Amino acid sequence: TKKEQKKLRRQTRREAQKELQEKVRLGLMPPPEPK
RNA sequence: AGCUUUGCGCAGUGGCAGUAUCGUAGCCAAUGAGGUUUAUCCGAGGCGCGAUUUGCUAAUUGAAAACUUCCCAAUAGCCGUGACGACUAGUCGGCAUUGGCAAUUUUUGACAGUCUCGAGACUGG
């Protein structure tokens, strides 16, 4: 259902933001371009 | 092969964000939520409770705003004077420091403005 699409997308995106900030936390790269 | 539809995912431009976006593990819900319009019609979530990550930078207070200071002593132009020295009371060279260096020949400013085709003129009432 569409609410489950929103929840699955938002939790995949939350772990995606979490693992990008995780790879910033390890210090492999400076953070991406802010705009 | 190209066009294209629908759903989903990714990224990007822009817009919106407390009558917005959600969670709900409590209950109810297409075996029908919720309906004053059109009701022998419409058809999706509803009621409560509960929310509103991360990095960077600025500014303020504060003694201190969190990534491995202050203080004393000494060293880093010339005219005179004192010695030392040199050359004939005088002259010269270097050194030293116990006064001075804005009144025509110099270092405390006759300068400033104006106009004309490298060169001159005007004014400072």
# chains A, B, ... in the order shown; residues from 1 in each chain; ligands from 1

call {"tool": "interface_residues", "arguments": {"of": "chain A", "to": "chain B", "cutoff": "9 Å", "atoms": "only C-alpha atoms (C1' of nucleotides)", "output": "list in words"}}
result
residues 5, 9, 14, 17, 18, 21 and 31 of chain A

call {"tool": "write_last_selection", "arguments": {"atoms": "C-alpha atoms", "output": "PDB file, in the first residue's frame"}}
result
ATOM      1  CA  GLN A   5       5.709   2.628   0.062  1.00  0.00           C
ATOM      2  CA  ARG A   9      11.220   4.617   1.045  1.00  0.00           C
ATOM      3  CA  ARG A  14      17.081   7.151   6.558  1.00  0.00           C
ATOM      4  CA  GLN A  17      21.578   9.256   5.048  1.00  0.00           C
ATOM      5  CA  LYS A  18      22.828   7.373   8.106  1.00  0.00           C
ATOM      6  CA  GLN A  21      27.013  10.390   7.478  1.00  0.00           C
ATOM      7  CA  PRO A  31      30.938  16.143   3.313  1.00  0.00           C
TER       8      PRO A  31
END

call {"tool": "select_by_dssp", "arguments": {"residues": "chain A", "states": "alpha helix (DSSP H)", "output": "VMD selection string"}}
result
chain A and resid 2 to 26

call {"tool": "residues_around", "arguments": {"residues": "residue B:85", "least_positions_apart": "5", "cutoff": "12 Å", "atoms": "only C-alpha atoms (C1' of nucleotides)", "output": "list in words"}}
result
residues 92, 93, 94 and 95 of chain B

call {"tool": "residues_around", "arguments": {"residues": "residue B:10", "least_positions_apart": "5", "cutoff": "12 Å", "atoms": "only C-alpha atoms (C1' of nucleotides)", "output": "PyMOL selection string"}}
result
chain A and resi 9+12-13+16

call {"tool": "closest_atom_pairs", "arguments": {"of": "chain A", "to": "stretch 39-48 of chain B", "cutoff": "12 Å", "atoms": "only C-alpha atoms (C1' of nucleotides)", "output": "JSON lines"}}
result
{"residue": "A:1", "atom": "CA", "partner": "B:45", "partner_atom": "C1'", "distance": 11.7}
{"residue": "A:2", "atom": "CA", "partner": "B:45", "partner_atom": "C1'", "distance": 11.6}
{"residue": "A:3", "atom": "CA", "partner": "B:45", "partner_atom": "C1'", "distance": 10.4}

call {"tool": "residues_around", "arguments": {"residues": "residue B:21", "least_positions_apart": "2", "cutoff": "10 Å", "atoms": "only C-alpha atoms (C1' of nucleotides)", "output": "list in words"}}
result
residues 17, 18 and 52 of chain B

call {"tool": "decode", "arguments": {"residues": "chain B", "atoms": "C-alpha atoms (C1' of nucleotides)", "output": "PDB file, in the first residue's frame"}}
result
ATOM      1  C1'   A B   1      13.482   1.178 -34.131  1.00  0.00           C
ATOM      2  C1'   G B   2      11.165   5.352 -32.055  1.00  0.00           C
ATOM      3  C1'   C B   3       7.064   7.549 -29.414  1.00  0.00           C
ATOM      4  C1'   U B   4       4.238   6.857 -25.021  1.00  0.00           C
ATOM      5  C1'   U B   5       1.162   5.290 -20.225  1.00  0.00           C
ATOM      6  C1'   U B   6       1.083   3.640 -15.145  1.00  0.00           C
ATOM      7  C1'   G B   7       3.543   2.326 -10.502  1.00  0.00           C
ATOM      8  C1'   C B   8       8.132   2.358  -7.904  1.00  0.00           C
ATOM      9  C1'   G B   9      13.363   3.814  -6.990  1.00  0.00           C
ATOM     10  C1'   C B  10      17.490   7.450  -7.718  1.00  0.00           C
ATOM     11  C1'   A B  11      19.287  12.324  -8.500  1.00  0.00           C
ATOM     12  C1'   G B  12      18.355  17.598  -9.980  1.00  0.00           C
ATOM     13  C1'   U B  13      15.692  22.658 -10.633  1.00  0.00           C
ATOM     14  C1'   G B  14      11.916  25.038  -7.954  1.00  0.00           C
ATOM     15  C1'   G B  15       8.003  25.327  -4.343  1.00  0.00           C
ATOM     16  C1'   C B  16       5.923  24.218   0.523  1.00  0.00           C
ATOM     17  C1'   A B  17       6.641  22.875   5.722  1.00  0.00           C
ATOM     18  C1'   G B  18       2.817  23.550  13.023  1.00  0.00           C
ATOM     19  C1'   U B  19      -5.066  23.593   9.941  1.00  0.00           C
ATOM     20  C1'   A B  20       2.295  21.106   7.673  1.00  0.00           C
ATOM     21  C1'   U B  21       4.893  16.155   7.813  1.00  0.00           C
ATOM     22  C1'   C B  22       4.594  11.653  10.387  1.00  0.00           C
ATOM     23  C1'   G B  23       4.772   7.500  14.343  1.00  0.00           C
ATOM     24  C1'   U B  24       0.979   4.663  16.593  1.00  0.00           C
ATOM     25  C1'   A B  25       3.053  -0.749  19.584  1.00  0.00           C
ATOM     26  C1'   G B  26      -4.194   1.403  21.664  1.00  0.00           C
ATOM     27  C1'   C B  27      -8.780   0.583  19.083  1.00  0.00           C
ATOM     28  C1'   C B  28     -11.797   0.719  14.616  1.00  0.00           C
ATOM     29  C1'   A B  29     -11.569   0.070   8.967  1.00  0.00           C
ATOM     30  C1'   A B  30     -13.470  -2.124   2.069  1.00  0.00           C
ATOM     31  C1'   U B  31     -16.886  -8.633   6.207  1.00  0.00           C
ATOM     32  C1'   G B  32     -16.946  -0.556   4.946  1.00  0.00           C
ATOM     33  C1'   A B  33     -13.756   4.473   7.456  1.00  0.00           C
ATOM     34  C1'   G B  34     -16.554   8.871   7.034  1.00  0.00           C
ATOM     35  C1'   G B  35     -20.665  11.304   4.835  1.00  0.00           C
ATOM     36  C1'   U B  36     -25.533  18.132   6.099  1.00  0.00           C
ATOM     37  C1'   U B  37     -24.605  18.268  -1.629  1.00  0.00           C
ATOM     38  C1'   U B  38     -27.162  14.342  -5.538  1.00  0.00           C
ATOM     39  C1'   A B  39     -28.775   9.386  -0.258  1.00  0.00           C
ATOM     40  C1'   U B  40     -31.606   2.607  -3.499  1.00  0.00           C
ATOM     41  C1'   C B  41     -26.023   7.998  -3.579  1.00  0.00           C
ATOM     42  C1'   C B  42     -20.756   8.617  -2.524  1.00  0.00           C
ATOM     43  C1'   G B  43     -16.037   5.042  -1.029  1.00  0.00           C
ATOM     44  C1'   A B  44     -10.643   5.841   2.417  1.00  0.00           C
ATOM     45  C1'   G B  45      -8.302   5.683   6.029  1.00  0.00           C
ATOM     46  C1'   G B  46     -10.527   7.471  10.871  1.00  0.00           C
ATOM     47  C1'   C B  47     -10.562   8.545  16.585  1.00  0.00           C
ATOM     48  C1'   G B  48      -7.402   9.290  20.430  1.00  0.00           C
ATOM     49  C1'   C B  49      -2.168   9.455  22.392  1.00  0.00           C
ATOM     50  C1'   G B  50       2.655  11.158  20.956  1.00  0.00           C
ATOM     51  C1'   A B  51       6.170  13.675  18.204  1.00  0.00           C
ATOM     52  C1'   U B  52       8.939  17.124  15.182  1.00  0.00           C
ATOM     53  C1'   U B  53      18.410  13.409  12.754  1.00  0.00           C
ATOM     54  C1'   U B  54      23.233  15.236  11.038  1.00  0.00           C
ATOM     55  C1'   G B  55      27.459  18.582   9.552  1.00  0.00           C
ATOM     56  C1'   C B  56      29.392  23.735   9.069  1.00  0.00           C
ATOM     57  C1'   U B  57      29.746  28.770  10.609  1.00  0.00           C
ATOM     58  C1'   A B  58      28.722  33.258  13.314  1.00  0.00           C
ATOM     59  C1'   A B  59      27.794  35.903  17.854  1.00  0.00           C
ATOM     60  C1'   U B  60      27.365  36.432  23.172  1.00  0.00           C
ATOM     61  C1'   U B  61      28.403  35.814  28.312  1.00  0.00           C
ATOM     62  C1'   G B  62      32.134  33.710  31.091  1.00  0.00           C
ATOM     63  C1'   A B  63      38.801  34.246  34.015  1.00  0.00           C
ATOM     64  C1'   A B  64      38.668  29.776  31.307  1.00  0.00           C
ATOM     65  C1'   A B  65      33.684  27.910  25.723  1.00  0.00           C
ATOM     66  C1'   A B  66      38.364  22.680  25.847  1.00  0.00           C
ATOM     67  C1'   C B  67      42.510  19.142  19.937  1.00  0.00           C
ATOM     68  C1'   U B  68      48.214  17.722  23.212  1.00  0.00           C
ATOM     69  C1'   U B  69      51.530  33.310  29.372  1.00  0.00           C
ATOM     70  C1'   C B  70      53.776  37.789  31.629  1.00  0.00           C
ATOM     71  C1'   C B  71      57.946  40.723  33.447  1.00  0.00           C
ATOM     72  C1'   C B  72      63.395  42.542  34.304  1.00  0.00           C
ATOM     73  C1'   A B  73      68.674  43.735  32.553  1.00  0.00           C
ATOM     74  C1'   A B  74      71.837  44.295  28.390  1.00  0.00           C
ATOM     75  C1'   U B  75      73.239  43.915  22.758  1.00  0.00           C
ATOM     76  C1'   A B  76      71.600  44.189  17.827  1.00  0.00           C
ATOM     77  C1'   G B  77      74.928  62.305  11.465  1.00  0.00           C
ATOM     78  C1'   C B  78      77.210  66.996  12.799  1.00  0.00           C
ATOM     79  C1'   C B  79      79.004  70.733  16.195  1.00  0.00           C
ATOM     80  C1'   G B  80      82.009  70.581  21.714  1.00  0.00           C
ATOM     81  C1'   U B  81      84.510  67.761  25.215  1.00  0.00           C
ATOM     82  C1'   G B  82      88.423  63.377  26.966  1.00  0.00           C
ATOM     83  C1'   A B  83      92.195  60.408  25.785  1.00  0.00           C
ATOM     84  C1'   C B  84      95.028  57.612  22.341  1.00  0.00           C
ATOM     85  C1'   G B  85      97.615  58.245  18.011  1.00  0.00           C
ATOM     86  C1'   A B  86      99.863  60.736  13.769  1.00  0.00           C
ATOM     87  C1'   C B  87     102.008  65.211  11.509  1.00  0.00           C
ATOM     88  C1'   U B  88     104.178  70.297  12.123  1.00  0.00           C
ATOM     89  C1'   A B  89     100.330  76.167  20.251  1.00  0.00           C
ATOM     90  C1'   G B  90      98.299  74.493  15.322  1.00  0.00           C
ATOM     91  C1'   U B  91      96.479  70.430  11.915  1.00  0.00           C
ATOM     92  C1'   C B  92      94.493  65.496  10.758  1.00  0.00           C
ATOM     93  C1'   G B  93      92.274  60.268  11.539  1.00  0.00           C
ATOM     94  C1'   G B  94      89.631  56.866  14.377  1.00  0.00           C
ATOM     95  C1'   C B  95      87.319  55.887  19.079  1.00  0.00           C
ATOM     96  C1'   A B  96      84.314  57.436  23.308  1.00  0.00           C
ATOM     97  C1'   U B  97      79.921  60.354  25.442  1.00  0.00           C
ATOM     98  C1'   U B  98      78.542  63.747  30.785  1.00  0.00           C
ATOM     99  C1'   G B  99      75.393  70.021  26.271  1.00  0.00           C
ATOM    100  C1'   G B 100      73.093  71.618  21.597  1.00  0.00           C
ATOM    101  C1'   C B 101      71.105  70.930  16.544  1.00  0.00           C
ATOM    102  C1'   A B 102      62.869  74.941  13.132  1.00  0.00           C
ATOM    103  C1'   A B 103      65.629  82.420  12.004  1.00  0.00           C
ATOM    104  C1'   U B 104      69.097  84.104   5.039  1.00  0.00           C
ATOM    105  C1'   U B 105      74.244  79.224   2.366  1.00  0.00           C
ATOM    106  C1'   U B 106      71.525  73.648   2.905  1.00  0.00           C
ATOM    107  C1'   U B 107      68.003  68.828   7.154  1.00  0.00           C
ATOM    108  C1'   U B 108      62.202  71.405   9.457  1.00  0.00           C
ATOM    109  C1'   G B 109      60.063  73.514   3.186  1.00  0.00           C
ATOM    110  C1'   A B 110      58.318  80.048  -1.480  1.00  0.00           C
ATOM    111  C1'   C B 111      54.733  76.954  -1.893  1.00  0.00           C
ATOM    112  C1'   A B 112      49.847  76.323  -3.779  1.00  0.00           C
ATOM    113  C1'   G B 113      46.057  77.333  -7.331  1.00  0.00           C
ATOM    114  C1'   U B 114      44.994  78.999 -12.642  1.00  0.00           C
ATOM    115  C1'   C B 115      45.548  79.383 -18.091  1.00  0.00           C
ATOM    116  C1'   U B 116      48.021  78.588 -23.421  1.00  0.00           C
ATOM    117  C1'   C B 117      50.637  75.958 -27.708  1.00  0.00           C
ATOM    118  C1'   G B 118      58.632  69.687 -24.372  1.00  0.00           C
ATOM    119  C1'   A B 119      57.777  75.815 -23.432  1.00  0.00           C
ATOM    120  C1'   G B 120      55.842  80.200 -21.102  1.00  0.00           C
ATOM    121  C1'   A B 121      51.957  83.664 -18.810  1.00  0.00           C
ATOM    122  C1'   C B 122      48.352  85.043 -14.354  1.00  0.00           C
ATOM    123  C1'   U B 123      46.980  85.221  -9.134  1.00  0.00           C
ATOM    124  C1'   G B 124      47.708  84.701  -3.818  1.00  0.00           C
ATOM    125  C1'   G B 125      43.225  91.905  -3.421  1.00  0.00           C
TER     126        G B 125
END
